[PDB]
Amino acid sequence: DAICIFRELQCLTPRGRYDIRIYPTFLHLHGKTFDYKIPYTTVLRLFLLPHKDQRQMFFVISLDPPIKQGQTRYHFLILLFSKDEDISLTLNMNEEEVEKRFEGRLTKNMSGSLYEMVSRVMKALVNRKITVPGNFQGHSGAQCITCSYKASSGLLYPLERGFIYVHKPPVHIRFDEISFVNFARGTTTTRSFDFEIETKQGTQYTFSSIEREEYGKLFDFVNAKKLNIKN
């Protein structure tokens, strides 16, 4: 029986509504049609990312190996939360257990926003810090840039030492993986900028349809971070 269960979470990747059942060594993502049992040892990284609208949060779980849904491979689990939603949790464990098990990181009875509770429980169980944005300031106080990638609109987050784009497909690129970056501008009167990244392995990523105001914030970031610009 589970330590706790988070019900009816909005998953973006893979898309659907899933319960997350929390066990000592794995989580169970349980939906109507599919389910996946995911050992914590397969979780590489955790991210908590504020949507630019200030009303939603992404929770991103990086996986290796990926989960398989037919021929589709998902290297990330992405959950989407309203900042508003609240939850009360009662861990299916006695009080003294939890203190020993989690080094005092959790208590038996907990209350808070759903996104914070999921992040806290995941943090404790995987024994990993949550990756958040650093000090990047975008346009109008957003910590991300709105852009298109592979013909889908999404959000690019400049992190302390990397970039992550959500959600279709998600992309995480560490600074140490980057060969160079470049900027290009088209002739449209809006959404005219492209930001391109080439990795050391030769892979290329283009984030396009970037507004000029956001391009300017991204430009300062890339320079502040001393990334190599190739014109």
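Residue numbers here begin at 1 and follow the sequence given.
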- Message: Per the record, averaged over C-alpha atoms, which has the higher B-factor: 91-99 or 76-84?
- Response: 91-99
- Task: Select between 49-57 and 179-187 the stretch whose C-alpha atoms have the higher average B-factor in the entry.
- Result: 179-187
- Message: If I read the C-alpha B-factors straight from the PDB entry, which of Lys150, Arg161, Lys108, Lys123 is highest?
- Response: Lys108
- Message: Out of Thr203, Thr206, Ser192, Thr42, whose C-alpha atom has the biggest B factor in the entry?
- Response: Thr203
- Note on the structure: Here the Cα B-factor of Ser119, set against its chain, lands in the third termed middle
- B-factor third for the C-alpha atom of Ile67 within its chain: highest
- Item | Third of the chain, ranked by Cα B-factor, where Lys32 sits | highest
- Query: In terms of the CA temperature factor given in the entry, to which third of its chain does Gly141 belong: lowest, middle or highest?
  - Reply: highest
- Considering only modelled residues of the same chain, in which third does the CA B-factor of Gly154 rank: lowest, middle or highest? lowest
